[PDB]
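Engineer: Encoded as structure tokens, here's the structure I'll be asking about.
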Amino acid sequence: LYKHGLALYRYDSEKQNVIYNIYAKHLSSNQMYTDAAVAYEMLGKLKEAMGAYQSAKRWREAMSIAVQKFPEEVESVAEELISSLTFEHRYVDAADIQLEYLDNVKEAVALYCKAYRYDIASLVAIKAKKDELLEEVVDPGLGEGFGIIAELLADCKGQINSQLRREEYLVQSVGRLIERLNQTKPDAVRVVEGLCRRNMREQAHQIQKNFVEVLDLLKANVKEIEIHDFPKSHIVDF
Amino acid sequence: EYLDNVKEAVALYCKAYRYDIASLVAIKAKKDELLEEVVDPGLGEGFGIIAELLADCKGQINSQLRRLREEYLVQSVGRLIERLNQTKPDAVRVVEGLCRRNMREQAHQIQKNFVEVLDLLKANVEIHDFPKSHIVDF
């Protein structure tokens, strides 16, 4: 009955203060740390909110407090934020921490090289005047993400060609891939263009010759058993 | 990044709904007078546009409920479904953002009315529920 207690004190803000402490304490234990952290701000408990943002991927809202009031833990807290975002594949915000707040320019590029924003990564190293990373990390990450796509192009190639020959689980497998395709569809766009920027004419043509034939193979079967057609690039299509 | 001009950037974030970023950059800039000068006028301008839009389309449902009681009117159904989910990520950042600057009355005003609008579409002859903050829910 925390909800009933402060509704009595909607206009009376002095009596209302302490109920925010004990109900957010109740939600400090039940894993909804945003309700914990935001209600701690309404009483001046900015240290107690900091770990709750760090408990709940709110890295800006923690370091907004931590640089303002706790200059001693600025370096330690942001490194632990990476370890959260390392496992859960948010490499972009992990690089956003790594660029400005821990000054590792090299490793922040490799997170863009993981998360297919090669356009951002090439901007950073030239702005920092560190142009060797274009040869060092950009080119392998383009080569790494090349094989990640082209293998998975063959995965949907071989599995459908095996499962057109063949009940209830089989129909689910048809719709399971096509969501993963349109998830991966814009990820392949940023790899074709970058390899064209790095003079990989065959490998960029290798992807688009493979990817179109998969969707050409896919268009027959769902009529038998929502398709977004792939936007071509007019340079490397021939 | 380039022009060494912070207030021009932060006032864009006041329009860009990224008050979670606009707090962080001015704190990193060590220029926290803009939280009063720039951020707080960005909050009410976000509040003014949204709380207009909450009550603007509210009566236009009732004017479409009562006039329909004729083929052009079908598109007015999904047109409000369109912008409702468009504005929903902008809606949450203003609710917490006024709670971050302890504007408890105006924050729940949008928050209660957004539930009031989203439940008004129950007799819907697709939708997405609002993640409701348990802090000012009373």
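So you can find residues: chains in the structure tokens are A, B, ... in the order shown, residues in each start at 1, and ligands are numbered from 1 in order.
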For residue B:43, work out the shell of residues within 12 Å, counting only C-alpha atoms and skipping chain neighbours fewer than 2 positions away, then give it as number ranges by chain.

Structural biologist: B: 11, 13-20, 22, 35-41, 45-51, 90-91, 93-103, 106-107

Engineer: Store the residues of this selection in a file with N, CA, C and O atoms, as a compact mmCIF listing (two decimals), in the first residue's frame.

Structural biologist:
# COMPACT_ATOMS: atom_id res chain seq x y z
N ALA B 11 20.64 22.88 -27.49
CA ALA B 11 19.31 23.31 -27.87
C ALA B 11 18.74 22.45 -29.00
O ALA B 11 17.51 22.33 -29.12
N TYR B 13 19.39 19.16 -28.96
CA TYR B 13 18.95 18.01 -28.17
C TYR B 13 17.65 18.30 -27.44
O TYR B 13 16.89 17.37 -27.14
N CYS B 14 17.37 19.57 -27.14
CA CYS B 14 16.07 19.94 -26.60
C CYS B 14 14.96 19.65 -27.61
O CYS B 14 13.85 19.26 -27.23
N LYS B 15 15.25 19.82 -28.90
CA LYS B 15 14.32 19.39 -29.94
C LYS B 15 14.47 17.91 -30.26
O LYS B 15 13.48 17.26 -30.62
N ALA B 16 15.67 17.36 -30.13
CA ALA B 16 15.94 15.97 -30.49
C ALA B 16 15.52 14.99 -29.41
O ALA B 16 15.79 13.79 -29.55
N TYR B 17 14.87 15.46 -28.34
CA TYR B 17 14.33 14.63 -27.26
C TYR B 17 15.39 13.87 -26.49
O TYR B 17 15.06 13.03 -25.65
N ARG B 18 16.67 14.14 -26.73
CA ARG B 18 17.76 13.44 -26.05
C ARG B 18 18.25 14.25 -24.85
O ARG B 18 19.41 14.65 -24.76
N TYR B 19 17.31 14.50 -23.93
CA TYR B 19 17.64 15.14 -22.67
C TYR B 19 18.56 14.28 -21.82
O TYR B 19 19.34 14.80 -21.01
N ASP B 20 18.49 12.96 -21.98
CA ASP B 20 19.47 12.07 -21.35
C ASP B 20 20.87 12.31 -21.88
O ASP B 20 21.85 12.13 -21.15
N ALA B 22 21.58 15.44 -23.40
CA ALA B 22 21.81 16.87 -23.19
C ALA B 22 22.20 17.18 -21.75
O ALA B 22 22.87 18.18 -21.50
N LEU B 35 21.63 23.90 -17.91
CA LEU B 35 20.50 23.12 -17.40
C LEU B 35 19.34 24.02 -17.01
O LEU B 35 18.17 23.67 -17.21
N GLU B 36 19.64 25.20 -16.46
CA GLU B 36 18.63 26.23 -16.23
C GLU B 36 18.29 26.98 -17.52
O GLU B 36 17.11 27.19 -17.81
N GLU B 37 19.30 27.38 -18.29
CA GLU B 37 19.03 28.27 -19.41
C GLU B 37 18.42 27.55 -20.60
O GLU B 37 17.55 28.10 -21.28
N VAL B 38 18.86 26.32 -20.88
CA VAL B 38 18.55 25.65 -22.14
C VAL B 38 17.66 24.44 -21.92
O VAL B 38 16.68 24.23 -22.64
N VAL B 39 17.98 23.62 -20.91
CA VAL B 39 17.28 22.35 -20.71
C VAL B 39 15.86 22.60 -20.23
O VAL B 39 14.89 22.06 -20.79
N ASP B 40 15.70 23.40 -19.18
CA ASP B 40 14.38 23.67 -18.63
C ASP B 40 13.42 24.36 -19.60
O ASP B 40 12.22 24.05 -19.55
N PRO B 41 13.85 25.27 -20.48
CA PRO B 41 12.94 25.70 -21.55
C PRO B 41 12.72 24.64 -22.62
O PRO B 41 11.73 24.73 -23.35
N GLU B 45 8.71 23.11 -23.66
CA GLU B 45 8.43 23.09 -25.09
C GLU B 45 8.16 21.67 -25.57
O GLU B 45 7.33 21.47 -26.47
N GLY B 46 8.84 20.69 -24.98
CA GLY B 46 8.43 19.31 -25.17
C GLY B 46 7.08 19.01 -24.54
O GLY B 46 6.25 18.31 -25.12
N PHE B 47 6.85 19.55 -23.34
CA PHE B 47 5.56 19.37 -22.68
C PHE B 47 4.45 20.09 -23.44
O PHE B 47 3.32 19.59 -23.51
N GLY B 48 4.74 21.26 -24.00
CA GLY B 48 3.71 22.01 -24.69
C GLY B 48 3.25 21.35 -25.97
O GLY B 48 2.06 21.32 -26.28
N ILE B 49 4.20 20.80 -26.74
CA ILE B 49 3.85 20.17 -28.01
C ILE B 49 3.10 18.86 -27.77
O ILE B 49 2.09 18.58 -28.41
N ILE B 50 3.60 18.04 -26.84
CA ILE B 50 3.02 16.72 -26.62
C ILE B 50 1.64 16.84 -25.97
O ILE B 50 0.68 16.19 -26.40
N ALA B 51 1.52 17.67 -24.93
CA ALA B 51 0.25 17.76 -24.22
C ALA B 51 -0.81 18.48 -25.04
O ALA B 51 -2.01 18.28 -24.80
N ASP B 90 9.27 9.44 -27.81
CA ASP B 90 9.42 10.82 -27.37
C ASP B 90 8.60 11.10 -26.11
O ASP B 90 8.94 12.02 -25.36
N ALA B 91 7.54 10.33 -25.88
CA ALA B 91 6.68 10.56 -24.72
C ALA B 91 7.38 10.16 -23.43
O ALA B 91 7.25 10.84 -22.40
N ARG B 93 10.65 9.96 -22.66
CA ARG B 93 11.80 10.77 -22.28
C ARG B 93 11.38 12.08 -21.63
O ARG B 93 12.13 12.64 -20.82
N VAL B 94 10.19 12.58 -21.96
CA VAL B 94 9.70 13.80 -21.32
C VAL B 94 9.11 13.48 -19.95
O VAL B 94 9.18 14.31 -19.03
N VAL B 95 8.54 12.29 -19.77
CA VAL B 95 7.94 11.92 -18.50
C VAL B 95 9.01 11.76 -17.43
O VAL B 95 8.92 12.35 -16.34
N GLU B 96 10.04 10.96 -17.71
CA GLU B 96 11.17 10.85 -16.80
C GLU B 96 11.93 12.17 -16.70
O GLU B 96 12.44 12.52 -15.62
N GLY B 97 12.02 12.92 -17.80
CA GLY B 97 12.85 14.11 -17.80
C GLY B 97 12.32 15.19 -16.87
O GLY B 97 13.10 15.88 -16.20
N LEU B 98 11.00 15.36 -16.82
CA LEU B 98 10.41 16.27 -15.85
C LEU B 98 10.45 15.70 -14.44
O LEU B 98 10.45 16.45 -13.46
N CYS B 99 10.50 14.37 -14.31
CA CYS B 99 10.75 13.76 -13.01
C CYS B 99 12.20 13.96 -12.58
O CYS B 99 12.48 14.09 -11.38
N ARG B 100 13.13 13.98 -13.54
CA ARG B 100 14.52 14.27 -13.23
C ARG B 100 14.70 15.71 -12.78
O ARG B 100 15.58 16.00 -11.96
N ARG B 101 13.89 16.63 -13.31
CA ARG B 101 13.84 18.01 -12.83
C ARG B 101 12.59 18.26 -11.99
O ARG B 101 11.96 19.32 -12.10
N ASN B 102 12.19 17.25 -11.21
CA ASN B 102 11.13 17.25 -10.20
C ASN B 102 9.89 18.06 -10.58
O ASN B 102 9.30 18.73 -9.72
N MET B 103 9.47 17.99 -11.84
CA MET B 103 8.21 18.59 -12.26
C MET B 103 7.11 17.53 -12.20
O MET B 103 6.62 17.02 -13.20
N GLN B 106 3.30 18.05 -13.97
CA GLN B 106 3.19 17.99 -15.43
C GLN B 106 3.65 16.64 -15.98
O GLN B 106 3.20 16.24 -17.06
N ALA B 107 4.53 15.94 -15.26
CA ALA B 107 4.99 14.64 -15.73
C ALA B 107 3.89 13.60 -15.66
O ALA B 107 3.71 12.81 -16.59

Engineer: Give the residues of chain B that lie within 10 Å of chain A; count only C-alpha atoms, and format the answer as number ranges by chain.

Structural biologist: B: 1-2, 20-28, 30, 32, 96-97, 99-102, 104-105, 133-138

Engineer: For the residues in the current selection, export C-alpha atoms as a PDB file, in the first residue's frame.

Structural biologist:
ATOM      1  CA  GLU B   1      32.476  17.826 -32.470  1.00  0.00           C
ATOM      2  CA  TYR B   2      33.731  20.550 -34.814  1.00  0.00           C
ATOM      3  CA  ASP B  20      19.468  12.074 -21.348  1.00  0.00           C
ATOM      4  CA  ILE B  21      22.301  13.121 -23.663  1.00  0.00           C
ATOM      5  CA  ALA B  22      21.807  16.869 -23.194  1.00  0.00           C
ATOM      6  CA  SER B  23      22.345  16.401 -19.460  1.00  0.00           C
ATOM      7  CA  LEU B  24      25.537  14.422 -20.058  1.00  0.00           C
ATOM      8  CA  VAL B  25      27.292  16.719 -22.536  1.00  0.00           C
ATOM      9  CA  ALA B  26      26.832  19.922 -20.531  1.00  0.00           C
ATOM     10  CA  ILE B  27      28.067  18.076 -17.436  1.00  0.00           C
ATOM     11  CA  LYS B  28      31.069  16.909 -19.468  1.00  0.00           C
ATOM     12  CA  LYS B  30      31.433  21.700 -17.061  1.00  0.00           C
ATOM     13  CA  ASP B  32      25.971  23.401 -15.913  1.00  0.00           C
ATOM     14  CA  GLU B  96      11.174  10.850 -16.799  1.00  0.00           C
ATOM     15  CA  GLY B  97      12.848  14.115 -17.802  1.00  0.00           C
ATOM     16  CA  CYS B  99      10.753  13.760 -13.007  1.00  0.00           C
ATOM     17  CA  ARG B 100      14.522  14.267 -13.234  1.00  0.00           C
ATOM     18  CA  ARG B 101      13.836  18.010 -12.830  1.00  0.00           C
ATOM     19  CA  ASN B 102      11.131  17.249 -10.201  1.00  0.00           C
ATOM     20  CA  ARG B 104       5.935  15.999 -10.709  1.00  0.00           C
ATOM     21  CA  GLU B 105       2.576  17.510 -11.700  1.00  0.00           C
ATOM     22  CA  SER B 133       6.597   4.561 -14.412  1.00  0.00           C
ATOM     23  CA  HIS B 134       5.642   3.135 -11.012  1.00  0.00           C
ATOM     24  CA  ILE B 135       6.969   6.187  -9.135  1.00  0.00           C
ATOM     25  CA  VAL B 136       4.292   8.843  -9.747  1.00  0.00           C
ATOM     26  CA  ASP B 137       1.554   6.243 -10.379  1.00  0.00           C
ATOM     27  CA  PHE B 138      -1.099   7.162  -7.818  1.00  0.00           C
TER      28      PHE B 138
END

Engineer: What does the distance between atom CA of residue A:48 and atom CA of residue A:104 come to in Å, to one decimal place?

Structural biologist: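 Value for the atom CA of residue A:48-atom CA of residue A:104 distance: 28.5 Å.
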
Engineer: Skip stretch 183-199 of chain A itself and residues of its chain fewer than 5 positions away, then list as a PyMOL selection string all residues within 12 Å of it, counting only C-alpha atoms.

Structural biologist: chain A and resi 112-122+134-135+138-150+152-153+156+176-178+204-212+214-215+227-237
